[PDB]
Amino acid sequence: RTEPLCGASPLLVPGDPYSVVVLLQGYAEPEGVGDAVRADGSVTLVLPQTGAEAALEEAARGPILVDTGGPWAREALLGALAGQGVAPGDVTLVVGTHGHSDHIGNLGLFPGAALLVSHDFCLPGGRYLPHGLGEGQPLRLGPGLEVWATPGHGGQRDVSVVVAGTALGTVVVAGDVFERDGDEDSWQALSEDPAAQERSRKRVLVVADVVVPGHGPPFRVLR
């Protein structure tokens, strides 16, 4: 069973060593007539408490942003960050779950951050460092903090961020692996590779107590 996670906005999930704050909740709204959709992706902040393998671990010692929204969301992102006491210049790592325009629209706000966009990792300045991310080999960012390969939606190189040890248990920031709570009958049409995405969805639901989907509010996973 799953229930949308209600509570004070922005949704803050305290934890140790990492807290998670959903800065902007995603949406995807159809229109009264025609087939257009107004949408934007969720943006999540992972906050540490108060070759490529080592660089990732170092870049994760500061604020980590998971997705950035579309370009139109720039002022709202800046405001949300400020609300958490974080200047754009303070962000040390940006993770882009996949390369769609409503998820990676504001990378340029963070020229001082390391960037992990899908499976490509670079230091600030565009020095790309190879690594071995795969479905059987997650990337360790820190204690109880990992990047998973969760292919399917955007293609074979989508990633998710898994945050263990919060007050609500394990939070998975899943990109569009999940569209929203109750997307059981809608996600397949949006998917590049439904078979892969199904494997990824099942994998996430084994570990997650909370899922932050790409286009809706976070939800709890019950057992």
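The numbering used is simple: start at 1 and walk along the sequence shown.
Peer 1: Is there a break between residue 50 and residue 51, and how many deposited residues does it span: none, 1 to 3, 4 to 9, or 10 or more?
Peer 2: Gap size class: 10 or more residues without coordinates, per the record.
Peer 1: Going by the B-factors listed in the PDB entry, is the mean over the C-alpha atoms higher for 110-118 or for 135-143?
Peer 2: Comparing 110-118 with 135-143, the higher average CA B-factor belongs to 135-143.
Peer 1: Higher mean Cα B-factor in the deposited model: 149-157 or 119-127?
Peer 2: The recorded data point to 149-157.
Peer 1: Kindly indicate the residue among 70, 62, 165, 175 with the greatest C-alpha B-factor in the PDB record.
Peer 2: 165 has the highest C-alpha B-factor of those listed.
Peer 1: Using only the C-alpha B-factors in the record, can you name which of 43, 189, 28, 171 has the highest?
Peer 2: Comparing C-alpha B-factors across 43, 189, 28, 171, the top value belongs to 189.
Peer 1: Using the temperature factors of the C-alpha atoms in this entry, rank residue 23 within its chain: lowest, middle or highest third.
Peer 2: Residue 23: CA B-factor falls in the lowest third of its chain.
Peer 1: What third of the chain, by the recorded C-alpha B-factor, contains residue 207?
Peer 2: For residue 207, the deposited C-alpha B-factor lands in the highest third.
Peer 1: Can you tell me which third, lowest, middle or highest, the CA B-factor of residue 37 falls into for its chain?
Peer 2: Middle third - that is where residue 37 ends up once the chain's C-alpha B-factors are sorted.
Peer 1: In terms of the CA temperature factor given in the entry, to which third of its chain does residue 66 belong: lowest, middle or highest?
Peer 2: It belongs to the lowest third of the chain when residues are ordered by C-alpha B-factor.
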